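**Q** So I've got this experimental structure, pasted below with the sequence.
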Amino acid sequence: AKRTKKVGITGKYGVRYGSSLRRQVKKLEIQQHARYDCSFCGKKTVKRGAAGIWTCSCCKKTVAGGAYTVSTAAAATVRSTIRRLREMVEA
Amino acid sequence: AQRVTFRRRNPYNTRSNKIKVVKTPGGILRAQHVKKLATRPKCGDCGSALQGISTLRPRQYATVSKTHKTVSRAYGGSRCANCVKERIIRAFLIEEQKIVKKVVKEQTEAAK
Amino acid sequence: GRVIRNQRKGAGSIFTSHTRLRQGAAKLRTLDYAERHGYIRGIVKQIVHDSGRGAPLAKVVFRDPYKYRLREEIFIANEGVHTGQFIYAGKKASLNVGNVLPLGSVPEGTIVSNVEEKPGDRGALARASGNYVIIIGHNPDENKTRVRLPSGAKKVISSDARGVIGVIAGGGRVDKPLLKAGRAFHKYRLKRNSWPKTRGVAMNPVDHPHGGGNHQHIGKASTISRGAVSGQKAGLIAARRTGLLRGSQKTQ
RNA sequence: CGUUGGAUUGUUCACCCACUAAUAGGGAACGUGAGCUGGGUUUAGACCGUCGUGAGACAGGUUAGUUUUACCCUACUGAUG
RNA sequence: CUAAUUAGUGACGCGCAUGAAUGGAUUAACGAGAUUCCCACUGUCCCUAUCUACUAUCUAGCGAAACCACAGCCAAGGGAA
RNA sequence: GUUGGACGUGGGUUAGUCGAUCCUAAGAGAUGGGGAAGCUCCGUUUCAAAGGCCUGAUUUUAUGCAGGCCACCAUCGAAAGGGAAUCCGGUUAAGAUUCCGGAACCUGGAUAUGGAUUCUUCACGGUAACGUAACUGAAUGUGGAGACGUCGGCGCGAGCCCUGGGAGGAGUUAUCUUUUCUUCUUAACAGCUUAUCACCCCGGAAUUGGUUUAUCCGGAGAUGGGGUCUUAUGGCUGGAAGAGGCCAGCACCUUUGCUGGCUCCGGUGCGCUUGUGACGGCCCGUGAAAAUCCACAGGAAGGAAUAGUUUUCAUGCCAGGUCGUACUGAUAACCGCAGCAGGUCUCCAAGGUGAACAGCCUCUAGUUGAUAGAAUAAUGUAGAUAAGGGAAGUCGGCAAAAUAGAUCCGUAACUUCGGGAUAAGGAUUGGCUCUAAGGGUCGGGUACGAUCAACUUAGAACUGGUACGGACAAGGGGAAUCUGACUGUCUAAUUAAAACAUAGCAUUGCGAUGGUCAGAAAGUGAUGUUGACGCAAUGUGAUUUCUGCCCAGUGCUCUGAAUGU
Ligand SMILES: [Mg+2]
Ligand SMILES: [Mg+2]
Ligand SMILES: [Mg+2]
Ligand SMILES: [Mg+2]
Ligand SMILES: [Mg+2]
Ligand SMILES: [Mg+2]
Ligand SMILES: [Mg+2]
Ligand SMILES: [Mg+2]
Ligand SMILES: [Mg+2]
Ligand SMILES: [Mg+2]
Ligand SMILES: [Mg+2]
Ligand SMILES: [Mg+2]
Ligand SMILES: [Mg+2]
Ligand SMILES: [Mg+2]
Ligand SMILES: [Mg+2]
Ligand SMILES: [Mg+2]
Ligand SMILES: [Mg+2]
Ligand SMILES: [Mg+2]
Ligand SMILES: [Mg+2]
Ligand SMILES: [Mg+2]
Ligand SMILES: [Mg+2]
Ligand SMILES: [Mg+2]
Ligand SMILES: [Mg+2]
Ligand SMILES: [Mg+2]
Ligand SMILES: [Mg+2]
Ligand SMILES: [Mg+2]
Ligand SMILES: [Mg+2]
Ligand SMILES: [Mg+2]
Ligand SMILES: [Mg+2]
Ligand SMILES: [Mg+2]
Ligand SMILES: [Mg+2]
Ligand SMILES: [Mg+2]
Ligand SMILES: [Mg+2]
Ligand SMILES: [Mg+2]
Ligand SMILES: [Mg+2]
Ligand SMILES: [Mg+2]
Ligand SMILES: [Mg+2]
Ligand SMILES: [Mg+2]
Ligand SMILES: [Mg+2]
Ligand SMILES: [Mg+2]
Ligand SMILES: [Mg+2]
Ligand SMILES: [Mg+2]
Ligand SMILES: [Mg+2]
Ligand SMILES: [Mg+2]
Ligand SMILES: [Mg+2]
Ligand SMILES: [Mg+2]
Ligand SMILES: [Mg+2]
Ligand SMILES: [Mg+2]
Ligand SMILES: [Mg+2]
Ligand SMILES: [Mg+2]
Ligand SMILES: [Mg+2]
Ligand SMILES: [Mg+2]
Ligand SMILES: [Mg+2]
Ligand SMILES: [Mg+2]
Ligand SMILES: [Mg+2]
Ligand SMILES: [Mg+2]
Ligand SMILES: [Mg+2]
Ligand SMILES: [Mg+2]
Ligand SMILES: [Mg+2]
Ligand SMILES: [Mg+2]
Ligand SMILES: [Mg+2]
Ligand SMILES: [Mg+2]
Ligand SMILES: [Mg+2]
Ligand SMILES: [Mg+2]
Ligand SMILES: [Mg+2]
Ligand SMILES: [Mg+2]
Ligand SMILES: [Mg+2]
Ligand SMILES: [Mg+2]
Ligand SMILES: [Mg+2]
Ligand SMILES: [Mg+2]
Ligand SMILES: [Mg+2]
Ligand SMILES: [Mg+2]
Ligand SMILES: [Mg+2]
Ligand SMILES: [Mg+2]
Ligand SMILES: [Mg+2]
Ligand SMILES: [Mg+2]
Ligand SMILES: [Mg+2]
Ligand SMILES: [Mg+2]
Ligand SMILES: [Mg+2]
Ligand SMILES: [Mg+2]
Ligand SMILES: [Mg+2]
Ligand SMILES: [Mg+2]
Ligand SMILES: [Mg+2]
Ligand SMILES: [Mg+2]
Ligand SMILES: [Mg+2]
Ligand SMILES: [Mg+2]
Ligand SMILES: [Mg+2]
Ligand SMILES: [Mg+2]
Ligand SMILES: [Mg+2]
Ligand SMILES: [Mg+2]
Ligand SMILES: [Mg+2]
Ligand SMILES: [Mg+2]
Ligand SMILES: [Mg+2]
Ligand SMILES: [Mg+2]
Ligand SMILES: [Mg+2]
Ligand SMILES: [Mg+2]
Ligand SMILES: [Mg+2]
Ligand SMILES: [Mg+2]
Ligand SMILES: [Mg+2]
Ligand SMILES: [Mg+2]
Ligand SMILES: [Mg+2]
Ligand SMILES: [Mg+2]
Ligand SMILES: [Mg+2]
Ligand SMILES: [Mg+2]
Ligand SMILES: [Mg+2]
Ligand SMILES: [Mg+2]
Ligand SMILES: [Zn+2]
């Protein structure tokens, strides 16, 4: 049965700190506690500890990620833009 | 109902002061101090507790015979088998492709 | 009156950095034969959390070219580098996230972190979580490179100055609210003793220019000149403007 | 010979309700703090208004703020001799 | 609201001298914070009474201190009023 | 005061294993140097010609030179961190892991016998995980141990708690109780054996399976069958019954014996404390260092058949210094002028009631210390009660009273949807006697039976001077205004608050030849193991909402001006 209407994980803060703050936090918390798909071994075993650090349960590979999420928008576009400029060098 | 005292000057619950209670032939309860538990040695490649090896506190490894400190395969008391399995296959295939790499660029120089 | 709070920090008593748990200084490899002629290969053996830092370090080991032994380095980890990955460092080196190359050897638009100010200093600019610098141009005669730092500033440095491809990891850290005093508390617990902050306006005159009065208030303009002397500088130092910033920021 | 009971106010004062035969005015170090109480005033904390560049000020508003000793002499109450 | 209210609350506003991070307005939750009323409760009161223990009190032993010009019954008079 | 922590006179503290000692922590601090008139200040690997190990070369000989390394560059700093190794019984007026008795272990130095190994020189076995009584290994290199947060439930161990049978001793016995109390123990160390996890072999999976209290795992090979490993921990045996515990039966001024017997077999668990494992939660917090020990990679070299190699296998020999070791540790051995109702770090922890380390009563142990006697006036201090009224008392309900556990019913405005809420408001609660539901374990060809061990929950009768959370224990509630968002902080000793802080919001400075700050100076220092998602400097003060106009003045600032000072 549905336990809470909005607060979700964020209900540990009870009534404190004001809703907008709890809003923002609930976002990044859901983000940071999630299991992510592993680039290398294919299972979703990637979890976090220590912001910026993302490792795989089996396969034991650790990746340097964003603070609350594995890949961040910036690093993503940066990735492709390095790809672009690189291919300009060989061909 | 029978209570007990530390056997040393040290009054406090620090990890070197761990205690155990024991019934003696005198028929009474008495503390006996307890050394910290030893931990299993670990593979350098991966980090699992490497099997076959006895687990003692570091200086006790000097008081034991060499069979307790090794297993019979190469990299015995060091790496974890399946890890050694890998560095065999890796070594071999790389040393092979190293031949494949030379003769291909040996021709590339000759036809170009 | 008393010596105010911002004067007492320089004597470094209770204000020195809380250093005990730190992994050790993050630096690029020494700039040597291999790195300025060829390239040299390494493995990231680990990527690890440094205390009081936003962004993870990466332990990267190399072979010692002049002696049989391993030599381990501490890098700030760029987003996307991973354990087991091979790192290449040198003048001639492929352009890939995680590698370290001289700023001259990368095209404009290239994005790099931990970039050196002078060549050899083992990195200065853009080390904080999320940050990078962009190469905005080259001057091959006198071999300089023009970059834009995180502040928005545009600086020109030697093209020999090394940098590492990609951006620094752990970005977005500052988007999450601290939400409570304790989170801040543990935050500065691993940095230095800067927290919490008493307002000068809550103090007595002995303590601070702002101190005193039967109502809390500054009493004179809080914009202080550069020419000001120690014990005088508190509030807004050398401010060229003040007030809510309206309209777009972002230098032309 | 008696001259009161209450609502608001720290109040004296004022002002209403109500009873009553009547709800007279005064003194006693503006009786009476080793008799009390401590609400006001009037130290040190603090908010606001006004004034002052400021420290700070206000006979303006507001809140929190340690009430010591008698076994002596006399007086007084009783008590022996 | 009360029998009665210099109290409280809701209104009104040419507001001595409200007012916008000198932050303005609103605000669930929280408070050994200031204030008002209500229910319960009651010796707070009308109006006092009674009980327990330890004191005080009398005895043995033990045994200080403060303070002290000289001292210690009043009315009036004058007199540093 | 015959007593004492007083007075007088003596006696008493035993270590290879317990501490110091060794290591490193924040930190402290010599040295080549650089400052300073100088007492001295700075720096600690820093602009320095910074030192010592392994063996070979000697057969004038004792240690010169021949190699090759290592460039690690003082030292001090933990009686709670790291750390080689000891236990049980007995014993003193007072010492004991220190003495005695027995039984071990470590380190260093010596070493010889046995075993192992070799004519295939430097061991075999197993498909494998890996096995072992052994099974050469210099430089160099690499790995591991030392070595690490916190909370949660779950599993297991130990000690304690509860308890059946029996063998002893004790208590009660008008009556009743096959009863109440008590003894029944097993060290370090050693042998064999014992494990969650992990891993190997066979096998090839949808009809997806396995599986935790907690949803995690499998074609990167699950479920299944068979094996391998760690030895926390437990079991049996050695130690070791000869010790210790409990009894009976004799001896006698003594030192004090002597002789016997018994010391056995079980059960139970959301119990309690503590240890530990496999997991899970948390973080802009991810939770020391060094000494030291071992291993592996490497293969320098040294080595046998007429006899070599081996001291990481067994047994054997010698040695282990210096200092502390008594006692108190607190309502009398410390600090408070004192034998002061104050202060002062910590380990062990029985039974009942009960949610309980609460209160209240008890066992073991320890106390019974605090001037005493006689009375019980006033006034007190501390503890209680009061008819009818019910805040009329007071600045003010100050003080006091009321409430309270648990099960069940029932619960408003408003709200950031999380709360508000134990809202408010109600019923019930003893004793005794029954009923019902809830589990374990074993054999079933390739439906059930049999046995043993637990207080929980609900329902039903009976019963009482209508009592029953019977003592103890235990929230008063409601409607508003002002004010601070909240948790948190301060005026030790008159102010705890609306003051301070906080998250959030905003502004300012700075790209290192720098910002802010320290210093007499410096080859000086903090931020800095740092780099704008940063450091430094101010203001406002959670959320929601909104932050208007004024740059003349005072400040601050400027790619500006120029013929005034
Ligand atoms: Mg002792
Ligand atoms: Mg602990
Ligand atoms: Mg073994
Ligand atoms: Mg082995
Ligand atoms: Mg070999
Ligand atoms: Mg430092
Ligand atoms: Mg601080
Ligand atoms: Mg501030
Ligand atoms: Mg502040
Ligand atoms: Mg102040
Ligand atoms: Mg000043
Ligand atoms: Mg000023
Ligand atoms: Mg001021
Ligand atoms: Mg102000
Ligand atoms: Mg009156
Ligand atoms: Mg009145
Ligand atoms: Mg009044
Ligand atoms: Mg009037
Ligand atoms: Mg009147
Ligand atoms: Mg007069
Ligand atoms: Mg008077
Ligand atoms: Mg008087
Ligand atoms: Mg007085
Ligand atoms: Mg007062
Ligand atoms: Mg005052
Ligand atoms: Mg007042
Ligand atoms: Mg107060
Ligand atoms: Mg007197
Ligand atoms: Mg008196
Ligand atoms: Mg009124
Ligand atoms: Mg009233
Ligand atoms: Mg009003
Ligand atoms: Mg007005
Ligand atoms: Mg007027
Ligand atoms: Mg404004
Ligand atoms: Mg104002
Ligand atoms: Mg709101
Ligand atoms: Mg309150
Ligand atoms: Mg008296
Ligand atoms: Mg008498
Ligand atoms: Mg007397
Ligand atoms: Mg006295
Ligand atoms: Mg007279
Ligand atoms: Mg006369
Ligand atoms: Mg005497
Ligand atoms: Mg003596
Ligand atoms: Mg003596
Ligand atoms: Mg020791
Ligand atoms: Mg020594
Ligand atoms: Mg020095
Ligand atoms: Mg030392
Ligand atoms: Mg020590
Ligand atoms: Mg220690
Ligand atoms: Mg003994
Ligand atoms: Mg003796
Ligand atoms: Mg003793
Ligand atoms: Mg002995
Ligand atoms: Mg012996
Ligand atoms: Mg030896
Ligand atoms: Mg053999
Ligand atoms: Mg090592
Ligand atoms: Mg390690
Ligand atoms: Mg530690
Ligand atoms: Mg032992
Ligand atoms: Mg199996
Ligand atoms: Mg098999
Ligand atoms: Mg086995
Ligand atoms: Mg259970
Ligand atoms: Mg961890
Ligand atoms: Mg080892
Ligand atoms: Mg030996
Ligand atoms: Mg010596
Ligand atoms: Mg002792
Ligand atoms: Mg004593
Ligand atoms: Mg005392
Ligand atoms: Mg018992
Ligand atoms: Mg006394
Ligand atoms: Mg008494
Ligand atoms: Mg008496
Ligand atoms: Mg009385
Ligand atoms: Mg009664
Ligand atoms: Mg009454
Ligand atoms: Mg009533
Ligand atoms: Mg009333
Ligand atoms: Mg009155
Ligand atoms: Mg009244
Ligand atoms: Mg009042
Ligand atoms: Mg009241
Ligand atoms: Mg009260
Ligand atoms: Mg009553
Ligand atoms: Mg309410
Ligand atoms: Mg009943
Ligand atoms: Mg049943
Ligand atoms: Mg008010
Ligand atoms: Mg508050
Ligand atoms: Mg509070
Ligand atoms: Mg105070
Ligand atoms: Mg308070
Ligand atoms: Mg106080
Ligand atoms: Mg706000
Ligand atoms: Mg100089
Ligand atoms: Mg504030
Ligand atoms: Mg702030
Ligand atoms: Mg407008
Ligand atoms: Mg206009
Ligand atoms: Mg202006
Ligand atoms: Zn993976």
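**A** Nice, I can see it. Numbering: from 1, shown residues only, chains lettered A, B, ... in the order given. Ligands and ions are numbered 1, 2, ... in the order given.
**Q** How about the residues of the stretch 1-150 of chain C by ligand 9?
**A** With the criterion set to CB under 5 Å from the ion, the stretch 1-150 of chain C never comes near ligand 9. For every residue, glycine as well, the C-beta is placed using N, CA and C.
**Q** Tell me who's in contact with the residue of chain C found nearest ligand 107.
**A** Nearest to ligand 107, among the residues of chain C, is residue C:82, at 10.3 Å (CB to the ion). By CB atoms under 8 Å, 6 or more residues apart in numbering or on different chains, the contact list for residue C:82 reads A:40, A:61, A:62, A:63, A:64, C:44, C:47.
**Q** Need these in CSV (columns: neighbour count and secondary structure).
**A** Formatted as CSV, the contacts of residue C:82 follow (neighbours: other CB atoms under 10 Å in any protein chain shown; DSSP: H, G, I helix; E, B strand; the rest coil):
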residue, neighbour count, secondary structure
A:40, 13, coil
A:61, 18, coil
A:62, 21, strand
A:63, 25, strand
A:64, 30, strand
C:44, 22, strand
C:47, 28, strand
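**Q** Go back to the residues you listed and keep what's next to RNA strand F.
**A** Among these, the ones lying near RNA strand F by CB under 7 Å from any atom of the strand are residue A:40.
**Q** Of the contacts of residue C:82, which is the nearest to RNA strand F?
**A** When the contacts of residue C:82 are compared for distance to RNA strand F (CB to the nearest atom of the strand), residue A:40 wins out at 5.7 Å.
**Q** Any idea how many residues pack against residue A:11?
**A** 13 (other CB atoms under 10 Å in any protein chain shown).
**Q** backbone phi and psi for the closest residue to it other than its chain neighbours, please?
**A** Using CB to CB, 6 or more residues apart in numbering or on different chains and skipping residues adjacent in sequence, the residue nearest residue A:11 is residue A:4, 5.4 Å away. Main-chain dihedrals, residue A:4, degrees, to the nearest 10: phi -130, psi 150.
**Q** separation between residue A:4 and ligand 14?
**A** As defined by CB to the ion, to the nearest Å, residue A:4 lies at a distance of 41 Å from ligand 14.
**Q** likewise residue C:232?
**A** The gap separating residue C:232 from ligand 14 is 21 Å, by CB to the ion.
**Q** Check residue C:35 too.
**A** 57 Å.
**Q** now do residue A:2
**A** Noted for residue A:2: a distance of 48 Å to ligand 14, by CB to the ion.
**Q** which ones are touching residue 62?
**A** If you meant another chain, say so; for now it's chain A. A:53, A:54, A:55, A:56, C:46, C:47, C:82, C:83.
**Q** Correction: the question concerned chain C.
**A** Residues near residue C:62 by CB under 8 Å, 6+ apart: C:29, C:40, C:41, C:42, C:70, C:71, C:72, C:73.
**Q** cool, residue C:32 as well?
**A** The contact partners of residue C:32, taken as CB under 8 Å, 6+ apart, are residue C:65.
**Q** List the contacts of the residue sitting nearest the centre point of chain B.
**A** Nearest residue to the geometric centre of chain B (CA atoms, centre = their mean): residue B:41, 1.2 Å. Counting by CB under 8 Å, 6+ apart, residue B:41 touches B:49, B:50, B:53, B:55, B:77.
**Q** now do 7 Å
**A** Going by CB atoms under 7 Å, 6 or more residues apart in numbering or on different chains, residue B:41 touches B:49, B:50, B:53, B:55.
**Q** how would you label residue C:201: helix, strand or coil?
**A** Secondary structure assignment for residue C:201 (DSSP: H, G, I helix; E, B strand; the rest coil): helix.
**Q** Is it correct that it is in contact with residue C:216?
**A** Yes: assessed by CB atoms under 7 Å, residue C:201 is found in contact with residue C:216 at 4.7 Å.
**Q** quick one: which of those two has more around it?
**A** The neighbour count for residue C:201 versus residue C:216, taken as other CB under 10 Å, is higher for residue C:201 (17 against 13).
**Q** nearest residue to the residue of chain C at minimum distance from chain A other than its sequence neighbours?
**A** Nearest residue of chain C to chain A: residue C:170, at 2.7 Å (CB to the nearest CB). Excluding the flanking residues, the one nearest residue C:170 by CB to CB, 6+ apart is residue A:52, at 2.7 Å.
**Q** For the one you found, the count of nearby residues, please.
**A** 29.
**Q** mind listing what it touches?
**A** By CB under 7 Å, 6+ apart, the residues touching residue A:52 are A:64, A:65, A:67, C:55, C:56, C:129, C:169, C:170.
**Q** Could I get the full set of helices for chain C?
**A** Secondary structure of chain C, counting by DSSP state H: helices at C:5-8, C:33-37, C:181-189.
**Q** which residues in the chain form helices?
**A** All of this is about chain A. Secondary structure of chain A (DSSP H): helices located at A:19-33, A:73-90.
**Q** The chain in question should be chain B.
**A** Secondary structure of chain B, counting by DSSP H: helices at B:82-110.
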